[PDB]
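*Asks:* Chains as they are written, first to last, in the numbering used here: chain X, 99 to 383; chain Z, 99 to 383.
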């Protein structure tokens, strides 16, 4: 029995919440707060430990982009700090390969990174790898076939529909088939050997369309849309279904959690977060 | 029966409010929204039409500097788009001379402009003119003796107390006496042939001090301070008094409107906006 964790987020300001949802009984746990409130961060799990990467402390009386990496142990309900990244990365994306954390893109003030760095838990160290072809913030990241895909985002002047993927053994990036839709701040995850891109923001609108990339046909295909438009949503896969949590629909910070069943190509609302928020990090362990 | 118009502004996100205050009876009108929420814009009036120039649209899912120029007709309650500027200008200053709009300085991402352009309503065209000596975002702008004065601001590294002056017939800029206090995001206007600079940010605190420039003596002199510290305030002159609207005091987004009477050298709270905001464009017609 694993839990869906949601860390940080934004509503009026950057949040400290760590909460966990149990899809099997519908309950929500309230865990220890983050040491620093952060939105636009990403979550991942390595060796049973939850990690919060990057983001931004939005505060009335000061905004500060985060280069921090923090590790939460579900057995002890405790956060510990780890080595910081080389640069602050707000609206970061991350993926894990072989127990290593890849920090992709994100922004530091007006600087929109294309740089990518890699965290080795055993040595508590970051090291830069090859930079992406495109600068990308609000970028979705997915790991598929031991490759690191970077989908959509915002390069500092346009929101993007392009995607590229990274070859860890070769340390190089190649562009792949662009999506049907321009998307920054979409939910990007892997489910049954496909990359899903759900929701997002094209500079004017919030999306509810969802498309998935099939590797061997190099095609993006639309699937069923979500019930709510959302940008800056959290996303994860638990037991063969996609969960999207919160986000922003243009007027509301959502507390809705929708669940995508790939057998019926159907979305449904399965729970509500304890309060509406966007820009969360999400992971399952 | 001229009204004080306040357009756009910022509270957590950029706003699209067009509201008009009547200093005679104390009432507030709610006029048609801007098509695009914008903060850090400026307002000005040419031939009875209200113009909204530049700024930036902050939203929880991403930000977009503006190069837009929009024209609001009080007789029709309708906004019409105009030709855009050559570049986006957030934290812009504007002044009007002979029915032409000068767009001064401001930022686009990492770029801090010293460029300046001129809009001709009769042609719906913008044309570049001589750039300032200094790059200036959050610059105050006032028109006096058919010259364009650019006061204070932020050059990308430091906040400025310098000020310079533009000669339309000669197409050139000249530094003038610098102010006593460093000020970005001050309110700058002309009352009784002097240039007032009210509030702003000195790189450390928001200010409530006000100083005025006498051209005959080339000197800046403090007058009575405002009661509330504020940077990124709106400002205008109506029937011989200075009105400042909203701003930011370092924690709160003010709704306070203060009025300065030069005969008595005293400020007074005369009304409150319908909600606290900073970074508005203001003009009277």
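A virtual CB, placed ideally from N, CA and C, is assigned to each residue, including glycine.
Could you name the residues of the stretch 301 to 318 of chain X whose beta carbon sits closer than 8 Å to any beta carbon of chain Z, in the order they occur along the chain?
*Replies:* Answer in chain order: 301, 304.
*Asks:* Tell me the DSSP secondary structure of residue 220 (chain X) in three-state form.
*Replies:* What you label residue 220 (chain X) is simply residue 122 of the first chain in a count that begins at 1. In the structure shown, residue 220 (chain X) sits in a helix (DSSP, three-state: H, G or I).
*Asks:* Below 8 Å on the Cβ atoms is my contact criterion, and I expect residue 277 (chain X) with residue 254 (chain X) to pass it. Report the Cβ-Cβ distance as a whole number of Å.
*Replies:* Here residue 277 (chain X) corresponds to residue number 179 of the first chain, with the count starting at 1. Here residue 254 (chain X) corresponds to residue number 156 of the first chain, with the count starting at 1. Wrong, their Cβ atoms sit about 19 Å apart, outside the cutoff.
*Asks:* Would you mind sorting residue 304 (chain X) into buried or exposed? The rule is 16 or more other CB atoms within 10 Å of its CB.
*Replies:* Working through the first chain from its first residue, we reach residue 304 (chain X) at position 206. Counting Cβ neighbours within 10 Å, residue 304 (chain X) comes out buried, since at least 16 surround it.
*Asks:* On the DSSP letters alone, give me the boundaries of the beta strand (DSSP E) that residue 141 (chain X) sits inside.
*Replies:* Taking the first chain and counting its residues from 1, one reaches residue 141 (chain X) at position 43. Where residue 141 (chain X) is concerned, the enclosing beta strand (DSSP E) stretches over 140 to 144.
*Asks:* How about the stretch 180 to 189 of chain X and the stretch 209 to 228 of chain X: do they share at least three Cβ pairs that are nearer than 8 Å?
*Replies:* yes
*Asks:* Rounded to whole angstroms, what's the CA-CA distance from residue 368 (chain Z) to residue 356 (chain Z)? Just pull it up for me.
*Replies:* For this step, residue 368 (chain Z) is matched to residue 270 along the second chain. For this step, residue 356 (chain Z) is matched to residue 258 along the second chain. Each residue's alpha carbon lies about 6 Å from the other.
*Asks:* Write down every uninterrupted run of the alpha helix (DSSP H) in the stretch 169 to 257 of chain Z whose length is 4 residues or greater and which is fully enclosed by it, in chain order.
*Replies:* Considered as a whole, the stretch 169 to 257 of chain Z harbours no complete run of any alpha helix (DSSP H) with no fewer than 4 residues.
*Asks:* So, residue 210 (chain X) versus residue 235 (chain X), is the Cβ gap smaller than 8 Å?
*Replies:* The residue you call residue 210 (chain X) lines up with position 112 of the first chain. The residue you call residue 235 (chain X) lines up with position 137 of the first chain. The answer is yes: Cβ separation under 8 Å.
*Asks:* Taking its Cβ as the centre, do 16 or more other Cβ atoms sit within 10 Å of residue 117 (chain X), making it buried, or is it exposed?
*Replies:* Within the first chain, numbered from 1, the residue matching residue 117 (chain X) stands at position 19. Label assigned to residue 117 (chain X): buried.
*Asks:* Name the DSSP beta bridge partners of residue 336 (chain Z), please?
*Replies:* Counted from its first residue, the second chain places residue 336 (chain Z) at position 238. Residue 336 (chain Z) is bridged to Z:339.
*Asks:* Determine the burial state of residue 232 (chain Z): buried for a count of at least 16 other Cβ atoms within 10 Å of its Cβ, exposed for fewer.
*Replies:* The residue given as residue 232 (chain Z) occupies position 134 in the second chain. It counts as buried.
*Asks:* To the nearest angstrom, how far is the alpha carbon of residue 122 (chain Z) from that of residue 332 (chain Z)?
*Replies:* Counted from its first residue, the second chain places residue 122 (chain Z) at position 24. Counted from its first residue, the second chain places residue 332 (chain Z) at position 234. If I take the Cα positions, the gap works out to 19 Å.
*Asks:* According to DSSP, is residue 167 (chain Z) part of a helix, a strand, or is it coil?
*Replies:* As a first step, residue 167 (chain Z) must be located in the second chain, where it is residue number 69. In the structure shown, residue 167 (chain Z) sits in a strand (DSSP, three-state: E or B).
*Asks:* I need the boundaries of the beta strand (DSSP E) containing residue 346 (chain Z), first residue and last residue.
*Replies:* Mapped onto the second chain, residue 346 (chain Z) falls at position 248. Unbroken run through residue 346 (chain Z): none, as it is neither H nor E.
*Asks:* Name the residue from X:131, X:171, X:140, X:102 whose alpha carbon lies nearest to the alpha carbon of residue 124 (chain X).
*Replies:* As a first step, residue 124 (chain X) must be located in the first chain, where it is residue number 26. The residue with the shortest Cα to Cα distance from residue 124 (chain X) is X:102.
*Asks:* For the structure I just gave you, are there three or more beta carbon pairs, one from the stretch 345 to 356 of chain X and one from the stretch 309 to 317 of chain X, closer than 8 Å?
*Replies:* The stretch 345 to 356 of chain X, when compared against the stretch 309 to 317 of chain X, does not touch it at the 8 Å Cβ threshold.
*Asks:* For a cutoff of 8 Å on Cβ pairs, would you count residue 164 (chain X) as touching chain Z?
*Replies:* In the first chain, residue 164 (chain X) corresponds to position 66, counting from 1. False, the Cβ-Cβ gap to chain Z never drops below 8 Å.
*Asks:* Can you tell me which of Z:173, Z:241, Z:279 puts its alpha carbon nearest to the alpha carbon of residue 130 (chain Z)?
*Replies:* Stepping through the second chain from its first residue, residue 130 (chain Z) is reached at position 32. Selected option, being the one with the closest Cα: Z:173.
*Asks:* Can the beta-carbon of residue 308 (chain X) be found closer than 8 Å to that of residue 288 (chain X)?
*Replies:* Indexing the first chain from 1 puts residue 308 (chain X) at position 210. Indexing the first chain from 1 puts residue 288 (chain X) at position 190. For the pair residue 308 (chain X) and residue 288 (chain X), the CB atoms are not nearer than the 8 Å cut-off.
*Asks:* Could you tell me which chain Z residues have their CB closer than 9 Å to the CB of residue 260 (chain X), listed as they occur along the chain?
*Replies:* Working through the first chain from its first residue, we reach residue 260 (chain X) at position 162. Residues of chain Z passing the Cβ test: none, with the nearest at roughly 17 Å.
*Asks:* So with CB distances below 8 Å, who are the chain Z contacts of residue 159 (chain X)?
*Replies:* Residue 159 (chain X) sits at position 61 when you count from the first residue of the first chain. Those are 348, 349, listed as they occur along chain Z.
*Asks:* Using three-state DSSP, classify residue 102 (chain X) as helix, strand or coil.
*Replies:* To locate residue 102 (chain X), count along the first chain from 1; it is residue 4. In the structure shown, residue 102 (chain X) sits in a strand (DSSP, three-state: E or B).
*Asks:* Is DSSP giving residue 279 (chain X) helix, strand or coil here?
*Replies:* Position 181 of the first chain, counted from the first residue, corresponds to residue 279 (chain X). The answer is coil: DSSP assigns residue 279 (chain X) none of H, G, I, E or B.
*Asks:* On the premise that residue 248 (chain Z) lies in contact with residue 202 (chain Z), defined as a C-beta separation below 8 Å, what is that separation, rounded to the nearest angstrom?
*Replies:* In the second chain, counting from the first residue as 1, residue 202 (chain Z) sits at position 104. In the second chain, counting from the first residue as 1, residue 248 (chain Z) sits at position 150. The pair is a contact, with the Cβ atoms about 5 Å apart (cut-off 8 Å).
*Asks:* Going by alpha carbons, who is nearest to residue 258 (chain Z) out of Z:328, Z:300, Z:334, Z:286?
*Replies:* To locate residue 258 (chain Z), count along the second chain from 1; it is residue 160. Comparing C-alpha distances from residue 258 (chain Z) to each of Z:328, Z:300, Z:334, Z:286 shows the shortest one belongs to Z:300.
*Asks:* Give the interface partners of residue 252 (chain X) over in chain Z, defined as CB-CB distance under 7 Å, in chain order.
*Replies:* For the purposes of this step, residue 252 (chain X) is taken as the residue at position 154 of the first chain. The answer, in chain order, is 160.
*Asks:* Along chain X, which residues have their Cβ under 7 Å away from the Cβ of residue 110 (chain Z)?
*Replies:* Translated into the one-based positions of the second chain, residue 110 (chain Z) becomes position 12. Within 7 Å of the CB of residue 110 (chain Z), the CB atoms of chain X belong to 110, in sequence order along the chain.
*Asks:* Can you check whether the C-beta of residue 122 (chain X) is within less than 8 Å of a C-beta belonging to chain Z?
*Replies:* For the purposes of this step, residue 122 (chain X) is identified with residue 24 of the first chain, where counting begins at 1. Chain Z contact via Cβ: absent.
*Asks:* Give a yes or no on whether 8 Å exceeds the smallest Cβ distance from residue 209 (chain X) to chain Z.
*Replies:* Here residue 209 (chain X) corresponds to residue number 111 of the first chain, with the count starting at 1. Yes, because at least one Cβ of chain Z sits closer than 8 Å to the Cβ of residue 209 (chain X).
*Asks:* Closest to residue 85 (chain Z) by C-alpha separation, out of Z:226, Z:179, Z:139, would be which residue?
*Replies:* Since the displayed chain Z opens at 99 and closes at 383, residue 85 (chain Z) lies outside it and no answer follows.
*Asks:* Exposed or buried, what is residue 146 (chain Z) when buried is set at 16 or more other beta-carbons lying within 10 Å of its beta-carbon?
*Replies:* Within the second chain, numbered from 1, the residue matching residue 146 (chain Z) stands at position 48. Within 10 angstroms of the beta-carbon of residue 146 (chain Z) lie fewer than 16 other beta-carbons, which makes it exposed.
*Asks:* In angstroms, rounded to a whole number, what distance separates the CA positions of residue 139 (chain X) and residue 126 (chain Z)?
*Replies:* Numbered from 1 along the first chain, position 41 holds the residue referred to as residue 139 (chain X). Numbered from 1 along the second chain, position 28 holds the residue referred to as residue 126 (chain Z). For residue 139 (chain X) and residue 126 (chain Z), the distance between alpha carbons rounds to 41 Å.
*Asks:* So residue 283 (chain X) contacts chain Z; which residues on that side make the cut at Cβ distance below 8 Å?
*Replies:* Locating residue 283 (chain X) in the first chain gives position 185, counting from the first residue. Here the neighbours are 159, 160.
*Asks:* Give me the DSSP bridge partner(s) of residue 150 (chain Z).
*Replies:* Translated into the one-based positions of the second chain, residue 150 (chain Z) becomes position 52. Looking at the DSSP assignment, residue 150 (chain Z) forms a beta bridge with Z:141, Z:168.
*Asks:* Along chain Z, which residues have their Cβ under 9 Å away from the Cβ of residue 236 (chain X)?
*Replies:* Within the first chain, numbered from 1, the residue matching residue 236 (chain X) stands at position 138. In chain order: 159, 160.
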